[PDB]
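Heads up, the chain below is alone and in the form deposited in one PDB entry; it's given as structure tokens.
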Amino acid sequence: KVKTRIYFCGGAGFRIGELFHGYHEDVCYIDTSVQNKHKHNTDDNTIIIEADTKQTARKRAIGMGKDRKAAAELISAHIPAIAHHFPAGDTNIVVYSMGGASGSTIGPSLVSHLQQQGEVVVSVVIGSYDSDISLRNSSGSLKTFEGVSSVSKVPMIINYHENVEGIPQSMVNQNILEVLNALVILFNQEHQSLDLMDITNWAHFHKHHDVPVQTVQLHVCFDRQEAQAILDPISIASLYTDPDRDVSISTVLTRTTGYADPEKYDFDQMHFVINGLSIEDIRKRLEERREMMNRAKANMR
């Protein structure tokens, strides 16, 4: 098994994968049309699941209407095939927008399948509210998250980014790139005192502490302060280049701790904090911000 397999799904996924090209080898792409393909998609790393046009309206409903029910109908028979062509790694990262129809159905469907096979999985996702469609789909995706946790009986881990009004998608994408780079490092199995089983136990915290299975949020923090401010942590993994200064025995006992080689890594410390996720809180925010946008009728010049 590769150490980390990344699955880029739908339009946002393809765009991020394009930006991430060269940062990791074991990546792949899945979509419901060819329209999002770019120079790095090939038959070896890309699967396209399309309506058998042997269906103009249905494709329009999926592609332009972003009808998630229609999209999920289209892709559901092919999910096990995807995992067969693009085998799961020791860790897996699935990347998708919540507001469209392809990523927001392929992605969580894949996460569910992989978790049912016992795999460690993280999603890096994007909430949006640029339209009524985006808002409704993003709300639906939050509920899909709870269904993945319930169906697969493994906590679905969500690293959440939001398309805030006035912030270019290119800057959200760059934040996602930094997260992807951090995860690849965390998962590379090259650090002292951090093995495959340590990461598996951090992610599948339900098998080791018996908190109920629930959807959870992953926060990636690049300094001690960000990490500490996170409310009610459930499971934390931390990587330090200066344990002599920063790591006590209490930290080792209460946290998934690893030592990164200061001869090789340039960061001080990285914290990967899993805590509870309230889909209700995120839905309300998206709705409030959509209303504020509607009332503003404003563009940043």
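Numbers for residues come from their place in the sequence shown, where the first is 1. For clarity, a rigid core is taken as the largest C-alpha set superposing within 1.5 Å between two forms. Only residues modelled in both forms are compared.
From this point on, the text means the form deposited in another entry, which you will not see here.
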item	value
Of the candidates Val247, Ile234, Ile47, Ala70, the only Cα that travels 2 Å or more between this form and the one not shown, given a rigid-core fit	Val247
Rigid-core frame, C-alpha of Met293, shift of 2 angstroms or more between this form and the one not shown	yes
Threshold 2 Å Cα movement between this form and the one not shown at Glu25, rigid core reference	no
Sense of CA distance change between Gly140 and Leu277 in the other form, threshold 3 Å	farther
Closer or farther in the other form, the Cα atoms of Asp268 and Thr251, when the shift from this form is 3 Å or more	farther
Sequence-ordered runs, three or more residues, C-alpha shift 2 Å or more between this form and the one not shown, rigid core	59 to 65, 245 to 254, 277 to 281, 286 to 301
